[PDB]
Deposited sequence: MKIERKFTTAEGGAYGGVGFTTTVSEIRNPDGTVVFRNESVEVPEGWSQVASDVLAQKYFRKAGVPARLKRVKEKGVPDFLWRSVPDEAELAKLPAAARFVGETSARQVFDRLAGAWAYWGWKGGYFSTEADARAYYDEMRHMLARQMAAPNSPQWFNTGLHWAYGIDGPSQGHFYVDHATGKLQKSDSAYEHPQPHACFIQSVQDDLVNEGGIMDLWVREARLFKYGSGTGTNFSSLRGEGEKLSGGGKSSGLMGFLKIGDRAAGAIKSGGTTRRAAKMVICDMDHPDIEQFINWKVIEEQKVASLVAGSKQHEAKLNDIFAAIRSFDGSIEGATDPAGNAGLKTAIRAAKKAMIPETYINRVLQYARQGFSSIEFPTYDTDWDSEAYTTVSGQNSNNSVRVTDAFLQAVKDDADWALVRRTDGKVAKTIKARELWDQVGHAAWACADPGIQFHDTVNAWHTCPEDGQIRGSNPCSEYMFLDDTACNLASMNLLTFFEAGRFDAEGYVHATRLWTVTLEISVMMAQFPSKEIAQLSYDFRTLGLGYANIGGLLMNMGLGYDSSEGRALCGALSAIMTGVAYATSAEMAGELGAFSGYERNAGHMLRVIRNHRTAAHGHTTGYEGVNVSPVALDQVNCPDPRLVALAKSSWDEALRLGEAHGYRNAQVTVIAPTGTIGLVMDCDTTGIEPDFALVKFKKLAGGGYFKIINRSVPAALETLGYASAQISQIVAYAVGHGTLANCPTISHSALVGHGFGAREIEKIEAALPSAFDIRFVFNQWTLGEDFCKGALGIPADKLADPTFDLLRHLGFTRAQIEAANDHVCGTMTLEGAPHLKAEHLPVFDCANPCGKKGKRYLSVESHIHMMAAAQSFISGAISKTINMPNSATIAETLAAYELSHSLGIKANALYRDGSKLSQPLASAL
């Protein structure tokens, strides 16, 4: 039975929340539509995403039916389909955010009782309402495929023919294939597919491209561990040798580059992992490195070709007295030009080719040159630029870290040593590759120390963002909650955080039941383990609304405390669903292992530094000391004391509870100041609206931040004008008096007018873009405003590399799947410091990570 904490039955889901109307549009130097209706306090980057990312533009009719069901209530009856109107208006597109809200949360609760997740009809609406309130309050949101593909058959009756998509009955447990692609929604965007050492059969190499391409066609991402593939030189039973791992990786990389995510600008999300003991590991590590060099040589050689080949055209037309010019015997400078196209390594074929054109009386040569733009032809020529490539490393390899031991790259066919190598020498290649370009790293022993069901195999791979780590051929449904939107007044709504987690743990399962999967194996494996992926975001957005730095043990404490609460309330919620409907079919097989993941969790939640069973690196305990504790750190010990006790009685409905996803698109309709576990990137940003947009404003985070500290209202406006500027040169900048000030704060003049970069005008008319060296503010209270990058042109302080990592390790001891992250390092970063970030990550109990040095790639 579910409660009611944010709504009343009399007011419904929208009592206390207003409503407005805005207009979304595009145009180049013509997609439009204006009726789009959006709730209160909603931004337009929120409103505009929903208008063409999540709205349906056609296919719903004007007014349509209910259907008689008898199981459960009237308000959750499906809708199904024109002589009222002409050919038009039988053809309408969505227009209000409540239309999608009611079809998302309605289809949630509709299927929800079909499975019997409710006790009474009173719970159905008390859940149908309570969840729409969090959608309108931007409190939480599921993954984007749910924002559109859920509830079109429930609320509108949209349907069509289908194939390839297979599901299972929620009541019988039988494998079925779909006759419709809409009546069974598709809530999953992550997939961890498998691949075998085989070409043409199912589950093989060429089959995987067929499996990935139907994923890419729908918009989902996929990740695969390819180390099952035998290396280059491994023999064939009745033939010769294999081409190698990289040769087949380039087939899939080329296929990902040609298949768009549903046809739009979005690239294909694809992850390519390889074990450290693979014979072709050095080719895998240096894949992006040498392909990046091919891009560099393509632009250098093409320009050198275009120049020299025209200088050879020079000597034949500089000749006046004939065309004896083709001969490299008697011409003004053709003997100089042929040795000028040599000299620069131009192949002899294209030099004779150019004078072969001249003998036909030809004017030109069409030799295109290439650049370093990322959508160029050069990058499309090379491989790798469509895959995220990580490396699976065992703790044994990083125990040859210290002993300077020898590493065995073992063959796949006959499990025999193919080549020996110093481990640090191989570790040296990993540091250089990521320093210049990739690969990411995933610690195989750390991720499997928290694997809930190892009897069904080891954790071998991840999704394109390394956030979801379960068995192969498993999907996952996602949802993240905007953290700061429970924060009104000075306390934080723990009353609502656990109600949000408990309620959102349930809706995620209901689409493990509601779903229709792109393959039959993934369909059953999903039903068998009912994996979940609940996360949070915007924690960096509140951590200074809090009033305390991102790089602060007082902040990692709060992070690990609410990360413990969410995952604890989620596991305890899943144990409550296992007593009413039964644990997931794969639990009893692994009841001994899954329960050990949970006791290791709350041992890390009780702050204990010891007592861990089966972990390779003991997780970072939760800081009992430095947490602000608005009745919180004890609440984290409360849920896992209850999740362990409840799970011991009924098991668990889900094998995994939580993740941390890069809530990029989904964090925009939520008005999340920061995304995922990240901090904010600036104290100054912009924002669009109807007619024209991107009038610059001040990050509303630090007005409320300094309000938390001892400060008067006019006594922080203080610094906003110091940071956003005055929008005029009207009174005492260095470019006032004399040489029309309706630039209206764009923050350029269309100088050569003698101005020794005295752009304190920019510091004046447009603000310092930073609070470093600001009026009034106490020195000890500015580290609480450090961002991801140095704020502004003259800002110099930022959150260091360990600030990002230590924040991660504090949360990962209380999350099922890894935290997705790529930390920017300064251009100064050396190869030693790059491995230092990886080596620090494993010692801190992190499962996966990714680096990027500033200015390292030609894609700048």
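J.: Wait, which stretches of the deposited chain are just not there in the structure?
T.: Gaps vs deposited seq, in order: 1, 31 to 34, 87 to 90, 331, 448, 751 to 762, 771 to 772, 776 to 809, 920 to 925.
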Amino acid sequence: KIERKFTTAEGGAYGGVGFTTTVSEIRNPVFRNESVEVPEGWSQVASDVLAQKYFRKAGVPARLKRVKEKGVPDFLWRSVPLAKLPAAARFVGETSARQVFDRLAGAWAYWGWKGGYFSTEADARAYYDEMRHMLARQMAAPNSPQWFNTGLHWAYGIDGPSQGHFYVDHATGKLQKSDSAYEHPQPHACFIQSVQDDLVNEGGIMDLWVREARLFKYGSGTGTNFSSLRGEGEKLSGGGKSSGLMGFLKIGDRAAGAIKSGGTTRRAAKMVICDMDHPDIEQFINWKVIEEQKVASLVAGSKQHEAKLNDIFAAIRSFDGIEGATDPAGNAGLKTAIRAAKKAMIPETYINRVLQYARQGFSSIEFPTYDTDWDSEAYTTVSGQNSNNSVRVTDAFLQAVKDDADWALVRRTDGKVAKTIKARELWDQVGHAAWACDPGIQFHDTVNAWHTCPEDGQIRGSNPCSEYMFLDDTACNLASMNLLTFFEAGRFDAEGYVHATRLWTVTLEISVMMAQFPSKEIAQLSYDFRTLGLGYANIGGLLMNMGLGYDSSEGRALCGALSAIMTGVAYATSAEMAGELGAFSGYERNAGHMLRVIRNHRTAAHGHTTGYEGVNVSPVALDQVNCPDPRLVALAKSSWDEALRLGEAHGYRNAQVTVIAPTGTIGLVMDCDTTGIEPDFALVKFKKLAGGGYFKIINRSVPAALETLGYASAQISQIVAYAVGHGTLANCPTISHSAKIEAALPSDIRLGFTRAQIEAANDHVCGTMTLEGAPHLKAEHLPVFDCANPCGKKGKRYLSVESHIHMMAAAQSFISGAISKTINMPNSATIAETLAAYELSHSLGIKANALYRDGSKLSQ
From here on, numbers count along this sequence of modelled residues.
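J.: Read off the CA B-factors in the entry, average them over 14 to 22 and over 840 to 848, and name the higher stretch.
T.: According to the PDB entry, the answer is 14 to 22.
J.: Mean C-alpha B factor from the entry: is it higher for 175 to 183 or for 467 to 475?
T.: Result of the comparison: 175 to 183.
J.: Of the choices 89, 684, 289, 259, which one's C-alpha carries the largest B-factor in the record?
T.: Answer, based on the entry's C-alpha B-factors: 89.
J.: Taking the values straight from the PDB record, which of 742, 232, 395, 212 has the highest C-alpha temperature factor?
T.: The C-alpha B-factor peaks, among 742, 232, 395, 212, at 742.
J.: Quick one: classify residue 367 as lowest, middle or highest third of the chain based on its Cα B-factor.
T.: Its C-alpha B-factor, which the entry lists for residue 367, ranks in the lowest third among residues of this chain.
J.: Of the three thirds of its chain by CA temperature factor, lowest, middle or highest, which one includes residue 361?
T.: Lowest third.
J.: Ranking every modelled residue in this chain by its Cα temperature factor as given in the entry, which third contains residue 401?
T.: For residue 401, whose C-alpha B-factor we compare with every modelled residue in the chain, the answer is the highest third.
J.: Hey, what third does residue 582 fall into on Cα B-factor, ranked over its chain?
T.: It falls in the middle third of the chain.
J.: Tell me, lowest, middle or highest third: where does the Cα B factor of residue 7 rank within its chain?
T.: It falls in the middle third of the chain.
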